[PDB]
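**Student:** The structure file query.cif (mmCIF, C-alpha atoms) is provided below.
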data_target
#
loop_
_atom_site.label_atom_id
_atom_site.label_comp_id
_atom_site.auth_asym_id
_atom_site.auth_seq_id
_atom_site.Cartn_x
_atom_site.Cartn_y
_atom_site.Cartn_z
CA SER A 2 -59.59 40.51 -6.81
CA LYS A 3 -61.51 37.24 -6.59
CA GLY A 4 -58.20 35.49 -7.29
CA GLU A 5 -56.72 36.78 -4.03
CA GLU A 6 -59.28 34.68 -2.11
CA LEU A 7 -57.48 31.52 -3.28
CA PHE A 8 -54.40 32.49 -1.22
CA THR A 9 -55.78 32.92 2.31
CA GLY A 10 -53.70 30.02 3.61
CA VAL A 11 -51.07 27.44 2.66
CA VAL A 12 -51.54 26.06 -0.87
CA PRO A 13 -49.87 22.92 -2.32
CA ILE A 14 -47.48 23.46 -5.25
CA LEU A 15 -46.33 21.24 -8.13
CA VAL A 16 -43.48 22.29 -10.45
CA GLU A 17 -42.54 20.46 -13.67
CA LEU A 18 -39.65 21.58 -15.89
CA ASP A 19 -38.39 20.04 -19.12
CA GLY A 20 -35.12 21.48 -20.36
CA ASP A 21 -32.69 21.36 -23.27
CA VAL A 22 -29.32 23.09 -22.72
CA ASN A 23 -26.85 22.78 -25.61
CA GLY A 24 -28.80 19.67 -26.61
CA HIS A 25 -28.65 18.12 -23.09
CA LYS A 26 -32.23 17.01 -22.31
CA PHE A 27 -33.25 16.96 -18.65
CA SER A 28 -36.32 17.16 -16.40
CA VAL A 29 -37.01 18.49 -12.90
CA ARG A 30 -39.97 17.79 -10.63
CA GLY A 31 -40.70 19.82 -7.50
CA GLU A 32 -43.30 19.56 -4.76
CA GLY A 33 -44.08 21.74 -1.78
CA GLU A 34 -46.33 24.52 -0.57
CA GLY A 35 -46.63 28.30 -0.44
CA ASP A 36 -48.31 30.87 1.77
CA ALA A 37 -49.00 34.39 0.54
CA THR A 38 -49.77 35.46 4.13
CA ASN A 39 -46.04 35.60 4.91
CA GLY A 40 -44.69 35.18 1.36
CA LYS A 41 -43.04 31.87 2.26
CA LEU A 42 -42.35 28.99 -0.18
CA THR A 43 -40.88 25.59 0.79
CA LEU A 44 -40.13 23.05 -1.95
CA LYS A 45 -37.95 20.06 -2.79
CA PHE A 46 -36.84 19.57 -6.41
CA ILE A 47 -35.48 16.38 -7.97
CA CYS A 48 -33.72 15.87 -11.30
CA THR A 49 -35.63 12.93 -12.73
CA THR A 50 -33.20 12.24 -15.61
CA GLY A 51 -30.00 11.81 -13.56
CA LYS A 52 -27.52 14.56 -12.71
CA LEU A 53 -28.68 18.10 -13.46
CA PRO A 54 -26.48 19.37 -16.32
CA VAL A 55 -26.61 23.05 -15.20
CA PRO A 56 -26.12 24.40 -11.63
CA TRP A 57 -29.20 24.27 -9.36
CA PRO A 58 -28.84 27.98 -8.41
CA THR A 59 -29.27 29.00 -12.09
CA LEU A 60 -32.81 27.53 -12.10
CA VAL A 61 -34.21 29.13 -8.92
CA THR A 62 -35.88 32.09 -10.65
CA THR A 63 -37.41 29.76 -13.26
CA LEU A 64 -38.72 27.09 -10.86
CA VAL A 68 -44.56 31.38 -8.60
CA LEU A 69 -44.96 35.11 -7.91
CA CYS A 70 -48.65 34.69 -6.98
CA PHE A 71 -47.30 33.74 -3.51
CA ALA A 72 -45.60 37.12 -2.98
CA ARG A 73 -46.84 38.93 0.13
CA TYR A 74 -48.51 42.18 -0.95
CA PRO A 75 -49.17 44.49 2.04
CA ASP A 76 -52.76 45.63 2.55
CA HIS A 77 -52.24 49.05 0.95
CA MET A 78 -50.71 47.42 -2.16
CA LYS A 79 -53.41 44.79 -2.78
CA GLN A 80 -54.74 46.70 -5.79
CA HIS A 81 -51.35 46.18 -7.49
CA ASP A 82 -51.18 42.36 -7.30
CA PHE A 83 -51.42 41.28 -10.94
CA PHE A 84 -50.33 37.71 -10.16
CA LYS A 85 -53.21 36.71 -7.88
CA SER A 86 -55.71 38.69 -9.96
CA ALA A 87 -55.05 36.38 -12.94
CA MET A 88 -55.97 33.28 -10.87
CA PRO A 89 -57.33 30.61 -11.07
CA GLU A 90 -57.05 30.63 -14.88
CA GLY A 91 -53.43 31.73 -14.43
CA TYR A 92 -50.78 33.46 -16.50
CA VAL A 93 -47.95 32.78 -18.92
CA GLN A 94 -44.46 33.75 -17.69
CA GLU A 95 -41.71 34.10 -20.32
CA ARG A 96 -38.07 35.02 -19.76
CA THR A 97 -34.73 35.44 -21.46
CA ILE A 98 -31.87 34.95 -18.98
CA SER A 99 -28.46 36.04 -20.33
CA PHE A 100 -25.35 34.82 -18.50
CA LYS A 101 -22.47 37.28 -18.85
CA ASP A 102 -19.71 35.89 -21.07
CA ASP A 103 -21.71 32.67 -21.59
CA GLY A 104 -24.97 31.36 -23.08
CA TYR A 105 -28.60 32.14 -22.32
CA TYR A 106 -31.88 30.51 -21.28
CA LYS A 107 -35.28 31.05 -22.87
CA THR A 108 -38.22 29.92 -20.72
CA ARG A 109 -41.97 29.65 -21.24
CA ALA A 110 -44.06 28.73 -18.21
CA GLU A 111 -47.74 28.46 -17.30
CA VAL A 112 -48.79 29.10 -13.70
CA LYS A 113 -52.36 28.15 -12.85
CA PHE A 114 -54.56 26.07 -10.55
CA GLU A 115 -55.15 22.42 -11.46
CA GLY A 116 -57.68 21.41 -8.85
CA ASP A 117 -56.54 22.73 -5.47
CA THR A 118 -52.84 22.70 -6.47
CA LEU A 119 -50.93 25.67 -7.90
CA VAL A 120 -48.95 24.27 -10.86
CA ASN A 121 -45.87 25.81 -12.56
CA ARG A 122 -45.08 24.04 -15.87
CA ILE A 123 -41.94 25.19 -17.72
CA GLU A 124 -40.17 24.53 -21.00
CA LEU A 125 -36.55 25.73 -20.94
CA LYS A 126 -34.07 26.03 -23.80
CA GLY A 127 -30.42 26.93 -23.24
CA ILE A 128 -28.04 27.75 -26.09
CA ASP A 129 -24.49 28.96 -26.77
CA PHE A 130 -23.11 27.81 -23.42
CA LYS A 131 -19.35 27.47 -23.19
CA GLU A 132 -17.34 24.32 -22.57
CA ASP A 133 -15.62 24.57 -19.16
CA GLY A 134 -17.63 27.72 -18.35
CA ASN A 135 -19.31 28.43 -15.03
CA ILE A 136 -22.63 26.86 -16.12
CA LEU A 137 -21.71 23.70 -18.02
CA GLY A 138 -18.69 23.33 -15.73
CA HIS A 139 -20.71 23.65 -12.48
CA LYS A 140 -18.44 26.32 -10.98
CA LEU A 141 -21.13 28.21 -8.99
CA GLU A 142 -21.51 28.22 -5.22
CA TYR A 143 -24.55 26.35 -3.89
CA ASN A 144 -26.14 29.51 -2.49
CA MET A 145 -28.36 32.37 -3.57
CA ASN A 146 -28.08 36.11 -2.98
CA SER A 147 -31.07 38.20 -1.96
CA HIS A 148 -32.35 40.47 -4.71
CA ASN A 149 -34.94 43.13 -5.60
CA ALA A 150 -36.78 43.13 -8.93
CA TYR A 151 -38.90 46.01 -10.25
CA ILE A 152 -42.35 45.36 -11.79
CA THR A 153 -43.96 47.64 -14.39
CA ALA A 154 -47.32 47.47 -16.14
CA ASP A 155 -47.47 46.47 -19.82
CA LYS A 156 -50.86 47.93 -20.76
CA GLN A 157 -50.50 46.97 -24.44
CA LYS A 158 -50.41 43.25 -23.54
CA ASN A 159 -52.69 43.43 -20.47
CA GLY A 160 -49.78 42.16 -18.36
CA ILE A 161 -46.52 43.12 -16.65
CA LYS A 162 -42.81 43.28 -17.51
CA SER A 163 -39.68 43.13 -15.41
CA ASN A 164 -35.93 43.42 -15.93
CA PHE A 165 -33.55 42.42 -13.16
CA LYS A 166 -30.12 40.95 -12.50
CA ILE A 167 -29.15 37.92 -10.44
CA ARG A 168 -25.63 37.69 -8.98
CA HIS A 169 -24.32 34.10 -8.88
CA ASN A 170 -21.23 33.62 -6.70
CA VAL A 171 -18.45 31.69 -8.48
CA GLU A 172 -16.10 29.41 -6.55
CA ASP A 173 -13.01 31.47 -7.33
CA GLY A 174 -14.56 34.61 -5.78
CA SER A 175 -15.81 36.16 -9.03
CA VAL A 176 -19.50 36.82 -9.73
CA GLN A 177 -21.51 35.43 -12.66
CA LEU A 178 -24.24 37.89 -13.69
CA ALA A 179 -27.56 36.64 -15.12
CA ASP A 180 -29.63 39.38 -16.79
CA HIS A 181 -33.36 38.55 -16.69
CA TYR A 182 -35.99 39.98 -19.06
CA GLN A 183 -39.49 38.90 -18.02
CA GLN A 184 -43.04 39.25 -19.36
CA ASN A 185 -46.32 37.94 -17.95
CA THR A 186 -49.75 37.81 -19.63
CA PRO A 187 -53.06 36.42 -18.33
CA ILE A 188 -54.32 33.10 -19.65
CA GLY A 189 -58.01 33.93 -19.17
CA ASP A 190 -60.00 36.86 -20.53
CA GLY A 191 -61.32 38.17 -17.21
CA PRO A 192 -60.24 41.48 -15.72
CA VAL A 193 -56.82 41.74 -14.11
CA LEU A 194 -55.02 44.31 -11.97
CA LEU A 195 -52.35 46.33 -13.78
CA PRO A 196 -50.00 47.74 -11.13
CA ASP A 197 -48.24 50.98 -10.46
CA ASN A 198 -44.44 50.63 -10.43
CA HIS A 199 -43.15 48.66 -7.41
CA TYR A 200 -40.68 45.88 -6.63
CA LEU A 201 -40.44 42.41 -5.13
CA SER A 202 -37.81 41.58 -2.51
CA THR A 203 -36.57 37.98 -2.41
CA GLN A 204 -34.50 35.97 0.11
CA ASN A 205 -33.54 32.33 -0.60
CA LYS A 206 -32.03 29.39 1.32
CA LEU A 207 -30.68 26.35 -0.56
CA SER A 208 -30.06 23.06 1.25
CA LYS A 209 -29.86 19.29 0.80
CA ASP A 210 -31.95 16.38 2.09
CA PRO A 211 -29.50 14.00 3.84
CA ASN A 212 -31.60 10.94 2.93
CA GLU A 213 -32.05 11.87 -0.76
CA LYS A 214 -29.87 9.95 -3.22
CA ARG A 215 -30.99 11.71 -6.41
CA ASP A 216 -29.59 15.06 -7.50
CA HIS A 217 -31.86 17.55 -5.76
CA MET A 218 -32.39 20.98 -4.19
CA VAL A 219 -34.37 21.94 -1.09
CA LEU A 220 -35.53 25.55 -1.37
CA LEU A 221 -36.91 28.04 1.13
CA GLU A 222 -37.87 31.39 -0.37
CA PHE A 223 -39.51 34.58 0.93
CA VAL A 224 -40.93 37.14 -1.50
CA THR A 225 -42.37 40.48 -0.34
CA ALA A 226 -43.84 43.37 -2.36
CA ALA A 227 -42.59 46.86 -1.56
CA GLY A 228 -42.02 50.32 -2.99
CA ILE A 229 -45.50 51.85 -2.63
CA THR A 230 -46.13 53.68 0.65
CA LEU A 231 -49.27 54.76 2.50
#
Turn this file's structure into structure tokens for me.
**Tutor:**
Amino acid sequence: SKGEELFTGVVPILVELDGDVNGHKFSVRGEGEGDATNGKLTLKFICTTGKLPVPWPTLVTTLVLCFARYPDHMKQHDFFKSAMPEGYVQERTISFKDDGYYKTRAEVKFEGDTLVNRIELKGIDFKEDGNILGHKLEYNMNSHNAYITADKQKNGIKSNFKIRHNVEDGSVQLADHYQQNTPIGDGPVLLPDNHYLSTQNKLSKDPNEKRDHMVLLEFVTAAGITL
């Protein structure tokens, strides 16, 4: 694709999220860079409205799959870069077991030389003193695989996957993700054969940062189609 040529090296990234969880309004801004050559993302996120009212680990999947590393023999299956620079819409429902759910609508596209992820998030039916509103999750993230399938009828892709959030007491909080992506432009895009993306995350803090924040390192690699 012509879109793949935009990802030959490191690309700057801006992320902007506005959220509303049980009526709590909040905003997050992130800045960093990504490199599809090795699938590596490095970003720092700040809550610009004060303390984040949900746990940082619950927002990782929401806060840029165009930076996934697709091996050479899988390049014809990279929908995400093929939709660039005009970009794509990414929509999810994220259901937390025994608790509420998120609905997200995001646009991922180039604005100048910067890859921009803009998100609106709504969270509803979350429980008082639960793991989410009560901030009972470990500040960590488990590695995960997520399977991608073509959605020919919408000229996009779909994905269903589960995230395991470790809870402080040793239990696990499941978050069931249902995802759809559609191109913003009307140009041709690549609809893939079935495959998956493999993700590894590292969450840390900036020792000189006084705002509520998250430093994120992420690797994402495409797999599941062989030579």
**Student:** Here is a test: counting all atoms listed in the file, which residue of A:15, A:72, A:145, A:123 is nearest to residue 39 in chain A?
**Tutor:**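 That would be A:72, the residue with the smallest distance to residue 39 in chain A.
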**Student:** Name all residues at most 12 Å from residue 173 in chain A (count only C-alpha atoms; drop same-chain ones fewer than 4 positions away) and give them as a list in words.
**Tutor:**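 So, after excluding close chain neighbours, the residues are residues 135, 140, 141, 142, 169 and 177 of chain A.
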**Student:** Can you spit out the residues from that selection as a short mmCIF file (atom, residue, chain, number, x, y, z; two decimals), in the coordinates of the input, using C-alpha atoms?
**Tutor:**
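Output contents, as saved in out13.cif:
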data_model
loop_
_atom_site.label_atom_id
_atom_site.label_comp_id
_atom_site.auth_asym_id
_atom_site.auth_seq_id
_atom_site.Cartn_x
_atom_site.Cartn_y
_atom_site.Cartn_z
CA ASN A 135 -19.31 28.43 -15.03
CA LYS A 140 -18.44 26.32 -10.98
CA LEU A 141 -21.13 28.21 -8.99
CA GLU A 142 -21.51 28.22 -5.22
CA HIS A 169 -24.32 34.10 -8.88
CA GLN A 177 -21.51 35.43 -12.66
#
**Student:** Please expand the PyMOL selection byres ((chain A and resi 26) around 10) into the concrete residues it hits in this file, giving the result as a ChimeraX atom specification.
**Tutor:** /A:19-25,27-28,50,53-54,125-126
**Student:** Let me know the residues the PyMOL selection byres ((chain A and resi 41) around 8) catches in the file above, as a list in words.
**Tutor:**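 Going through the file, the PyMOL selection byres ((chain A and resi 41) around 8) ends up selecting residues 35, 36, 37, 38, 39, 40, 42, 43, 71, 72, 221, 222, 223 and 224 of chain A.
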**Student:** What residues have an atom no more than 10 Å from (-50.0, 37.5, -21.0) in the file's own frame, counting only C-alpha atoms, and can you write them as a list in words?
**Tutor:**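 In the file's frame, the residues around the point are residues 87, 91, 92, 93, 94, 95, 155, 158, 159, 160, 161, 162, 184, 185, 186, 187, 188 and 189 of chain A.
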**Student:** I'd like the contact shell of residue 99 in chain A - 6 Å cut-off, all atoms listed in the file, skipping same-chain residues fewer than 3 positions apart - returned as a ChimeraX atom specification.
**Tutor:** /A:105,179-180
**Student:** Given the file shown, enumerate the residues that the PyMOL selection byres ((chain A and resi 147-154) around 7) captures and present them as a PyMOL selection string.
**Tutor:** chain A and resi 145-146+155-156+160-165+195-205
**Student:** Those selected residues, please, written with C-alpha atoms and delivered as a PDB file, keeping the file's coordinate frame.
**Tutor:**
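So out_3.pdb came out as:
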ATOM      1  CA  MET A 145     -28.360  32.370  -3.570  1.00  0.00           C
ATOM      2  CA  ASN A 146     -28.080  36.110  -2.980  1.00  0.00           C
ATOM      3  CA  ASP A 155     -47.470  46.470 -19.820  1.00  0.00           C
ATOM      4  CA  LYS A 156     -50.860  47.930 -20.760  1.00  0.00           C
ATOM      5  CA  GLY A 160     -49.780  42.160 -18.360  1.00  0.00           C
ATOM      6  CA  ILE A 161     -46.520  43.120 -16.650  1.00  0.00           C
ATOM      7  CA  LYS A 162     -42.810  43.280 -17.510  1.00  0.00           C
ATOM      8  CA  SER A 163     -39.680  43.130 -15.410  1.00  0.00           C
ATOM      9  CA  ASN A 164     -35.930  43.420 -15.930  1.00  0.00           C
ATOM     10  CA  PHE A 165     -33.550  42.420 -13.160  1.00  0.00           C
ATOM     11  CA  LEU A 195     -52.350  46.330 -13.780  1.00  0.00           C
ATOM     12  CA  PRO A 196     -50.000  47.740 -11.130  1.00  0.00           C
ATOM     13  CA  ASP A 197     -48.240  50.980 -10.460  1.00  0.00           C
ATOM     14  CA  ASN A 198     -44.440  50.630 -10.430  1.00  0.00           C
ATOM     15  CA  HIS A 199     -43.150  48.660  -7.410  1.00  0.00           C
ATOM     16  CA  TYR A 200     -40.680  45.880  -6.630  1.00  0.00           C
ATOM     17  CA  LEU A 201     -40.440  42.410  -5.130  1.00  0.00           C
ATOM     18  CA  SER A 202     -37.810  41.580  -2.510  1.00  0.00           C
ATOM     19  CA  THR A 203     -36.570  37.980  -2.410  1.00  0.00           C
ATOM     20  CA  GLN A 204     -34.500  35.970   0.110  1.00  0.00           C
ATOM     21  CA  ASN A 205     -33.540  32.330  -0.600  1.00  0.00           C
TER      22      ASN A 205
END
**Student:** Could you tell me which of A:2, A:175, A:183, A:121 comes closest to residue 97 in chain A if we count all atoms listed in the file?
**Tutor:**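 Under the stated criterion, the closest residue is A:183.
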**Student:** For residue 57 in chain A, which residue out of A:171, A:227, A:144, A:120 is the nearest one, using all atoms listed in the file?
**Tutor:**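 Result for the nearest residue to residue 57 in chain A: A:144.
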**Student:** Might you pull out every residue within 12 Å of residue 143 in chain A, with only C-alpha atoms counted and same-chain residues fewer than 5 positions away left off, and present them as a count of residues only?
**Tutor:** 20
**Student:** Between A:117, A:216, A:34, A:111, which one has atoms that come closest to residue 11 in chain A, using only C-alpha atoms?
**Tutor:**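 The shortest atom-to-atom distance to residue 11 in chain A comes from A:34.
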**Student:** So how many Å separate CA of residue 49 in chain A and CA of residue 69 in chain A, to one decimal?
**Tutor:**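 Answer for the CA of residue 49 in chain A to CA of residue 69 in chain A separation: 24.5 Å.
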**Student:** Between CA of residue 31 in chain A and CA of residue 90 in chain A, what is the distance in Å, rounded to a tenth?
**Tutor:** 20.9 Å
**Student:** Rounded to one decimal, what separation in Å do you get between CA of residue 192 in chain A and CA of residue 124 in chain A?
**Tutor:** 26.8 Å
**Student:** Let me have the centre and edge lengths in Å, one decimal, of the box along x, y and z around every listed atom of range 111-120 of chain A with 6 Å of margin on each side, as lines of an AutoDock Vina configuration file.
**Tutor:**
center_x = -52.7
center_y = 25.3
center_z = -11.4
size_x = 21.9
size_y = 19.7
size_z = 23.8
**Student:** If you count all atoms listed in the file, which residues fall within 8 Å of residue 7 in chain A, apart from same-chain ones fewer than 4 positions away, as number ranges by chain?
**Tutor:** A: 3, 88-89
**Student:** Smallest atom-to-atom distance to residue 104 in chain A: which of A:193, A:78, A:226, A:136, using only C-alpha atoms?
**Tutor:**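 Selected residue with least distance to residue 104 in chain A: A:136.
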**Student:** From the set A:96, A:14, A:139, A:214, which residue has the shortest atom-to-atom contact distance to residue 47 in chain A, counting all atoms listed in the file?
**Tutor:**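 When distances to residue 47 in chain A are compared using all atoms listed in the file, the smallest one comes from A:214.
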